[PDB]
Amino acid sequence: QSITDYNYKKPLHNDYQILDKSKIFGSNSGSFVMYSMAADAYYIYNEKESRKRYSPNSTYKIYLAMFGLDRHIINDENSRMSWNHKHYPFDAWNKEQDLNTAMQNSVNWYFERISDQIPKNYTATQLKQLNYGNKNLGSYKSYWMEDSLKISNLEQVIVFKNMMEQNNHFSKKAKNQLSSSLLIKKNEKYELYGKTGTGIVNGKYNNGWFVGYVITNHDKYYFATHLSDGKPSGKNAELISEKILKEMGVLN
């Protein structure tokens, strides 16, 4: 919208390492960013591309979930919402949800129902305090889905780390509840948490995301993959993330 809504230009005041992950990306285009808690250091593939701002799509469900927890729209005894009986083309959407099922199955109406209860001024205050991308709410409708709100791959990592790790106004209860909703994989070596996002424009994939974090016995890593071309799906961003985290030794 304005001159700075498509790119993030704030200098990293941290140690950083440039990665070459181009063979894993293959025919796809985009970037990968990871932050290590123990190192206080960023590892970035395609640094320029990582600072380009894009619609967060379903990754913004992270923040809607936190806002809904923070405003007591949902809690830990009850995060249930009944289905209004509108038929969706996905059967997982056609039923009652809780935060866990809605996050896992990316059920838009659940998060839309949350967003409708949140006053615009509260969201504006949150996005400022979080430094969330361009902070642009536009018409405040489904503003996180191929609309005015945009955020870069680099910012996805920085903003999520800061939200979760700083002592701020979100409670520990809310952060823990959001975390359980994001858990994908847990074994002896690691816990993998995250959320895919896909933007569909004219039936075509336009924008793929996977934003998350890994807890190991030694460290905690925040990461994000964005795809802008090739086959830019959430599914493919997740696959690419997994192979990169593996190569880097984060999953082992």
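In this text, residue numbers run from 1 along the sequence as written.
If you average the C-alpha B-factors over 189 to 197 and over 23 to 31, the higher value belongs to 23 to 31.
Taking the PDB entry as given, 12 to 20 carries the higher mean Cα B factor of the two stretches 12 to 20 and 234 to 242. For the set 168, 156, 136, 105, the PDB entry puts the maximum C-alpha B factor at 168. Highest C-alpha temperature factor among 160, 90, 143, 109 per the entry: 90. Ranked against the other modelled residues of its chain, the C-alpha B-factor of residue 132 as given in the entry falls in the lowest third.
Compared with the other modelled residues of the chain, the Cα B-factor recorded for residue 218 ranks in the highest third.
Sorting the modelled residues of the chain by their CA temperature factor places residue 179 in the lowest third. Among all modelled residues in its chain, residue 152 ranks in the lowest third by Cα B-factor. Annotation for residue 50: C-alpha temperature factor in the middle third relative to the rest of the modelled chain, per the entry.
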